[PDB]
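Taken in order, these protein sequences are the chains called B, C, D, O, K, N and T. For the first sequence, the tail end lands on 101 under the deposited numbering, and the numbers increase by one without skipping. For the second sequence, the tail end lands on 122 under the deposited numbering, and the numbers increase by one without skipping. For the third sequence, the tail end lands on 120 under the deposited numbering, and the numbers increase by one without skipping. For the fourth sequence, the tail end lands on 76 under the deposited numbering, and the numbers increase by one without skipping. The fifth sequence maps to residues 3764 to 3790, 3814 to 3949, 3954 to 3969 in the deposited numbering. The sixth sequence maps to residues 2 to 357, 371 to 380 in the deposited numbering. The seventh sequence maps to residues 287 to 400, 443 to 504 in the deposited numbering. In this text, a Cβ means the ideal position worked out from N, Cα and C, and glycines have one as well.
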Amino acid sequence: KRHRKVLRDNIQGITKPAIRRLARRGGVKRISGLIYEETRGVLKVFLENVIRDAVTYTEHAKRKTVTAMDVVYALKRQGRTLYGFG
Amino acid sequence: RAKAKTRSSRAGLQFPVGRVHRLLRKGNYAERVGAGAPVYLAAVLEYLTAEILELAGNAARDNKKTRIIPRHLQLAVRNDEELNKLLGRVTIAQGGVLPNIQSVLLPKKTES
Amino acid sequence: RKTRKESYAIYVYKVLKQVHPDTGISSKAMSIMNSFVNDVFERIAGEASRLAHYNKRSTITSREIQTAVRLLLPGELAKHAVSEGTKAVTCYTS
Amino acid sequence: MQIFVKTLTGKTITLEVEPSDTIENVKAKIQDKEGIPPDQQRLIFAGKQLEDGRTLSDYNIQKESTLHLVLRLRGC
Amino acid sequence: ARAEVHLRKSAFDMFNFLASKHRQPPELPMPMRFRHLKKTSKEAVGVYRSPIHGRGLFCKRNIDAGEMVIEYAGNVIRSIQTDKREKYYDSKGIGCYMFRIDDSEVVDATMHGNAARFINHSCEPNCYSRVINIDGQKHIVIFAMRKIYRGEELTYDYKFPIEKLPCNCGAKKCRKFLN
Amino acid sequence: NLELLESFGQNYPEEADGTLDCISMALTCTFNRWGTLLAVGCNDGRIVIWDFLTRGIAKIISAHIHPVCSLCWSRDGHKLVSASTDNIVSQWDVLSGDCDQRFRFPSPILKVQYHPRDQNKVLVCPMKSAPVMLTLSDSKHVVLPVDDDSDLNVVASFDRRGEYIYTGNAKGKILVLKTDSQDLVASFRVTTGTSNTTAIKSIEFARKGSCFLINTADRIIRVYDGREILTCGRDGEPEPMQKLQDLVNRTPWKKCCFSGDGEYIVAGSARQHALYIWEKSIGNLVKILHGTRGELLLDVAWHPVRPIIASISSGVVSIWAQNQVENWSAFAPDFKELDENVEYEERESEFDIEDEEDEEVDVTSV
Amino acid sequence: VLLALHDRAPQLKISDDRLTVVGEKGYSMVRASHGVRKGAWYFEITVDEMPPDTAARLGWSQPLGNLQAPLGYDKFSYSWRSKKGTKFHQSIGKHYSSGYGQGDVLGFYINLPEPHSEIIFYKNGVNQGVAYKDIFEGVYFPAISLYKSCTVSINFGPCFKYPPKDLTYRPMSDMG
Ligand SMILES: Nc1ncnc2c1ncn2[C@@H]1O[C@H](CSCC[C@H](N)C(=O)O)[C@@H](O)[C@H]1O
Ligand SMILES: [Zn+2]
């Protein structure tokens, strides 16, 4: 046993001034009320498609920690290149 | 001096393994090449070729033709779900597209 | 007399007659399948070579090819191609 | 030299051979009279394996003796 | 309660399929789609306890107006064996389900068939059929008419010439007859 | 015992089928003779028994404080033998759970086993010293003499019939001993690699015949036949029936067992928690299985007469059998669900044709 | 003068010669429009090959029958079984006489002198049993329920192989 990992929330943990705040960094004037659920869905899809490749490189390297270079390598594969962590 | 069991039949495959080992030594991909990689890679390439040719043959029968012309290949890839995601940014020559008309461009009738 | 060139025509012929008895193939379809296998080979060998440079090793084993296939192919097709590869290698050993 | 080869199945088989024959002669004779695949003609000399790449006179068995074959898959 | 003399026992024939949880919701060329049909007709539909009359064929996947639904397949008979099989099925106390294709033959559904026997009748349908050619052997293919949602029991019209048996289904604008 | 008309193409396990989410902290697993029960040891020194047909938890018995790491069933299915770091020769009942034997003897034990026919003879494998055979009533203990005495890691067992005692050191030398008179009738060093020897982890046997397994430490499972050892006798040089390994991941193994019919071999990773199944005869992998992708495998069982496999990971015992498919004609055999146009004309006795018991069977027999 | 165009089962192997047919997958009772009303007329049925599970019912039927319906239902048609000699007519099961073999020269004769009938099973011109009597109004067509794939061939010409002994008929090459 010893492992307490019963987690159900944390899609709601991206709260609801936060998507409003991102939208008003984006230059958006007036928002409806279904944008919140749709944004949570799209964020879940994207973080799945990055964490999958991150854990794959971490396993293939035969380690247990996901260092920053592996995240940079996953995002390099995706096409969204990231600078400033190597 | 012994029996020349080629690495195709010694494995149980159909893709050659000598040509794969030559194109992994002479591609400057690494210095040293193992002796499980060209076998494993020949198997992967065979399975993908079988996967597309199954659906190609089904469509080729189902349009009542003998051979396979590339319109069947276009239909066989783009009807499937995972092969379309693999061949993401790919244009097959002489391909054509799926027949698709939107829902509002065609008329409908109300009276009588 | 011309200089001998590579092609994968005969092996597509053999797999086609193993999976369909009486269904031929054209010329253009053969060129498409040739370029398709060339594409998949280039992508997988590139991913394995990049893994080998990341891990500070120098040798393509089978392990890197398995990792490259698990990365590049989407989901269930990867879960079948891994089994195909492992079965072929284990029938090659003994 | 009429050797006996009684296997572990009660399958006794006889070959009247020379003491100076090779393994290939025994393979040909058993493959003639039974069609047994010759990748399983392993024999035992006081526990130890009788290897299939030498002659019969390299072991000096008493003439007209009894041996035992093992049903083996080698090249599947 | 065993000393009680409950005699609801045997007033109907032998068959059943009732008491199922019959509440799911409250709410290309030809042969390729024939392959699609043989694929997905199992996961599309379902037979459950109707409120109309006994059982019926429900619907679960949201169908667009025009696609194939199921093939109504069973044994294959000709025009002679009708009265003989009807006399046998009446002798054993079995309802007779048949469907004519054309001017040649009729497909049975009594002794061998599929999960497509169990569509009731209405006069405002949402299904029909045509005649196709899967290599000479023609077939009985269930098209659709409009966008059918989940939970709806399915219906189709029987093309009866108006010619005994009353209307034991109860549609809305029905003519109080099958014929 | 079960349905005989059931075999509509029976299979070999594919699915996950649901597990025992009841008590964690499992440590080992083994079935009885027929394949109806399963003893499972806890972490604190308890026993979990699960019945199969009812799918119900049979009995929970608290043995001691030391963790239970070795178990075996008697032939009738009434005497459980076990040993642990508690150093105690134990013997337990299945109707009561009684401490029938209690002898705290040192160098704690790694494996126990009954003689497969007499339950008087029991196996004891110490921490260091040579393996010991005992009796039940008195303390007649038989330590088998070992020429090595340098590994302090010797494995030994009894085979299917209990004819002989196959023994093995951690240098890879085998000393076959007769089961009662300790006759050293056969010996062989394992032909490991090119020349260099290896250790021996465990040795198990079958349910039908004399094919068995060798679990070395160079990642190579070897399969021999015991009658070949008998045909060799002393100074044997056996070469195996079939060799087993997976060089793709280079995976050393943790546990092996055979099928019920001696046809299939399962063996489990020590790294990936992924089970493999082999054919004995033709000699290839047939299926890879998976599970929770990051857990550490402990112990694998098999069910003899029916394709059911028990795993152990994170104290969870999985059960994998087909997720079997049910259909019609069991509710109504007069109707059979076809698929397409089936023609019915082959019989000719149609179109109005009209033509022109004595077995006494017992009812309370066996 | 060939096999029938109108009065045939359309799925039969009516080949380019239109004399030999392979039986289909039912009681394919093919008829012929060259059938008698009254008089003295006889032809042969030169059956050649008859595989097992390919039965054949022999008789004379009236034009208002069905192509797929087997012989011997009512007053239109009279049937009879190959094995065990068991005629079936008007929903009656009667094990009657001796059967036939395989690929013989069959063909029956019927006579209506100007109400009374000559109904005898003629197997190579041999008396094999009197089937029925007193036939009713209608034309009489040769109807054989060809059961499965068999090799039968109708005979037309005057070179009769087994003609009936001292029985008089106008030859069947004088109608078409
Ligand atoms: N609404 C209705 N109530 C009773 N019978 C109906 C009906 N609509 C059609 N029928 C007749 O009854 C048959 C319906 S099949 C009835 C569904 C299924 N067999 C069941 O038992 O529940 C058809 O042959 C049709 O002729
Ligand atoms: Zn109605």
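Applying a beta-carbon distance threshold of less than 7 angstroms, which residues of chain D neighbour residue i?
i, result
"B/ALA76", "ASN81"
"N/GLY284", "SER120"
Measuring alpha carbon to alpha carbon, tell me which residue in the options is nearest residue i.
i, options, result
"N/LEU96", "N/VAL147, N/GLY78, N/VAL125, N/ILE310", "N/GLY78"
"O/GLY53", "O/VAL5, O/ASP32, O/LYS27, O/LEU71", "O/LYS27"
"N/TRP93", "N/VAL287, N/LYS60, N/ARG118, N/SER108", "N/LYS60"
"N/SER188", "N/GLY194, N/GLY173, N/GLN273", "N/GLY173"
"N/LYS80", "N/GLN120, N/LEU54, N/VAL90, N/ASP52", "N/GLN120"
"B/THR96", "B/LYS44, B/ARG39, B/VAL65, B/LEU22", "B/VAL65"
"residue 362 of chain N", "N/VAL306, N/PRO305, N/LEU297", "Examination of chain N shows a numbering gap from 357 to 371; residue 362 of chain N is inside it and therefore has no coordinates."
"O/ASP21", "O/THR66, O/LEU71, O/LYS33, O/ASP58", "O/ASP58"
"K/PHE3946", "K/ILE3934, K/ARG3965, K/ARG3932", "K/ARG3965"
"T/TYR395", "T/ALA342, T/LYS476, T/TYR468, T/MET315", "T/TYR468"
"T/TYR364", "T/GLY309, T/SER377, T/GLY485", "T/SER377"
"N/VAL156", "N/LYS288, N/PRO14, N/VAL113", "N/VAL113"
"D/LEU103", "C/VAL100, C/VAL54, C/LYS119", "C/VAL54"
"D/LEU42", "C/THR120, C/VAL30, C/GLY44, C/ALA60", "C/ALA60"
Below 6 angstroms CB to CB, which residues in the same chain sit around residue i once its five sequence neighbours on both sides are set aside?
i, result
"K/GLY3879", "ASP3776"
"N/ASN12", "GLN323"
"N/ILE66", "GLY46"
"N/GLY42", "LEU28, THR29, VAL69"
"N/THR86", "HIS67, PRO109"
"T/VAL480", "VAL333"
"N/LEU231", "none"
"N/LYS256", "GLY269, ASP300, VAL301"
"N/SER63", "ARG47"
Identify the contact partners of residue i in chain N, using a Cβ-Cβ distance below 9 angstroms as the criterion.
i, result
"K/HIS3898", "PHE336, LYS337, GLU338, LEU339, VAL343, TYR345"
"K/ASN3861", "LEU339, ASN342, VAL343, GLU344, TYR345"
To which residues of the same chain is residue i closer than 7 angstroms at the C-beta, ignoring the five residues directly before and after it?
i, result
"B/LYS31", "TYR51"
"C/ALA86", "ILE62, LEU65, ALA66, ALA69"
"K/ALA3930", "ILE3849, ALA3851, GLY3852, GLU3853, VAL3855, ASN3912, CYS3913"
Quick one: which chain D residues come within Cβ less than 8 angstroms of residue i?
i, result
"B/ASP68", "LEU97"
"C/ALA47", "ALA74, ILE86, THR87, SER88, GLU90, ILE91"
Apart from the five residues just before and just after residue i, which ones in its own chain have a Cβ nearer than 8 angstroms to its Cβ?
i, result
"N/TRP329", "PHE336, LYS337, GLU338"
"B/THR80", "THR73"
"K/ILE3934", "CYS3845, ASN3848, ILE3849, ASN3912, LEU3940"
"T/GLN297", "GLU310, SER314"
Starting from the beta carbon of residue i, find every residue of chain N whose beta carbon is closer than 8 angstroms, and list them in chain order.
i, result
"T/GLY466", "Under the 8 angstroms cutoff, chain N gives no residues; its nearest Cβ is about 21 angstroms from T/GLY466."
Please list, in chain order, the chain C residues whose beta carbon lies closer than 8 angstroms to that of residue i.
i, result
"K/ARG3821", "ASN68, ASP72"
"K/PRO3815", "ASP72, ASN73"
Name, please, each residue of chain C whose Cβ falls closer than 9 angstroms to the Cβ of residue i.
i, result
"residue 3808 of chain K", "Inspection of chain K shows residue 3790 followed directly by residue 3814; residue 3808 of chain K is thus not represented."
Against residue i, what residues of chain B qualify as contacts under a CB-to-CB distance less than 7 angstroms, listed in chain order?
i, result
"D/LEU77", "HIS75"
* Asked: In the region 80–101 of chain D, which residues sit with their C-beta less than 8 angstroms from some C-beta in chain B, listed in chain order?
  -> Listed in sequence order: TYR80, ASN81, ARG89, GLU90, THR93, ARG96, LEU97.
* To do: Mind listing which residues have their beta carbon within less than 6 angstroms of any non-hydrogen atom of ligand 3? Chain order is fine.
  => For ligand 3, the structure offers nothing, since it holds only ligand 1 and ligand 2.
* Sequence ranges, alpha helix (DSSP H) only - wholly within the region 191–271 of chain N, length at least 4 -> Segments of the alpha helix (DSSP H) lying fully in the region 191–271 of chain N: 227–233.
* **Sequence ranges, alpha helix (DSSP H) only - wholly within the region 109–174 of chain N, length at least 4** => Within the region 109–174 of chain N, no run of alpha helix (DSSP H) at least 4 residues long lies entirely inside it.
* Interfacial residues, the region 240–252 of chain N to chain D, with Cβ spacing under 9 angstroms -> Within the region 240–252 of chain N, contact with chain D at the beta-carbon level (separation under 9 angstroms) is assigned to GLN243, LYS244, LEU245, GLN246, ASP247, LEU248, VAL249, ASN250, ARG251.
* **Uninterrupted beta strand (DSSP E) stretches inside the region 3833–3876 of chain K (no shorter than 3 residues)** => Scanning the region 3833–3876 of chain K for uninterrupted beta strand (DSSP E) segments of 3 residues or longer gives 3841–3845, 3861–3863, listed from N- to C-terminal end.
* Quick one: which residues of the region 3904–3918 of chain K get their C-beta closer than 8 angstroms to a C-beta of chain T? List them in chain order. => Along the region 3904–3918 of chain K, none of the residues has a CB nearer than 8 angstroms to a CB of chain T.
* Pick out the complete alpha helix (DSSP H) segments inside the region 2–76 of chain O, 4 residues or longer, and give them in chain order. => Fully enclosed alpha helix (DSSP H) runs of 4 or longer: 23–33.
* What residues from the region 324–357 of chain T come within 8 angstroms of chain N, judged by C-beta to C-beta, listed N to C? -> The residues in question are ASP339, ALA341, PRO356.
* Residues of the region 185–199 of chain N with a CB closer than 9 angstroms to any CB of chain O: list them in chain order, please. => For the region 185–199 of chain N, residues whose beta-carbon sits nearer than 9 angstroms to a beta-carbon of chain O comprise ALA187, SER188, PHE189.
* Asked: Can you list, in chain order, the residues of the region 8–34 of chain O whose Cβ is nearer than 9 angstroms to any Cβ on chain N?
  -> Within the region 8–34 of chain O, those residues whose Cβ lies closer than 9 angstroms to any Cβ of chain N are, in chain order, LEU8.
* Asked: Which residues, in chain order, does the region 54–67 of chain D contribute to contact with chain C at a C-beta distance below 9 angstroms?
  -> Within the region 54–67 of chain D, contact with chain C at the beta-carbon level (separation under 9 angstroms) is assigned to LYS54, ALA55, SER57, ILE58, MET59, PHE62, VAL63, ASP65, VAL66, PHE67.
* What runs of the beta strand (DSSP E), each 3 residues or longer, lie entirely inside the region 296–347 of chain T? -> 306–308, 314–316, 325–328, all fully within the region 296–347 of chain T.
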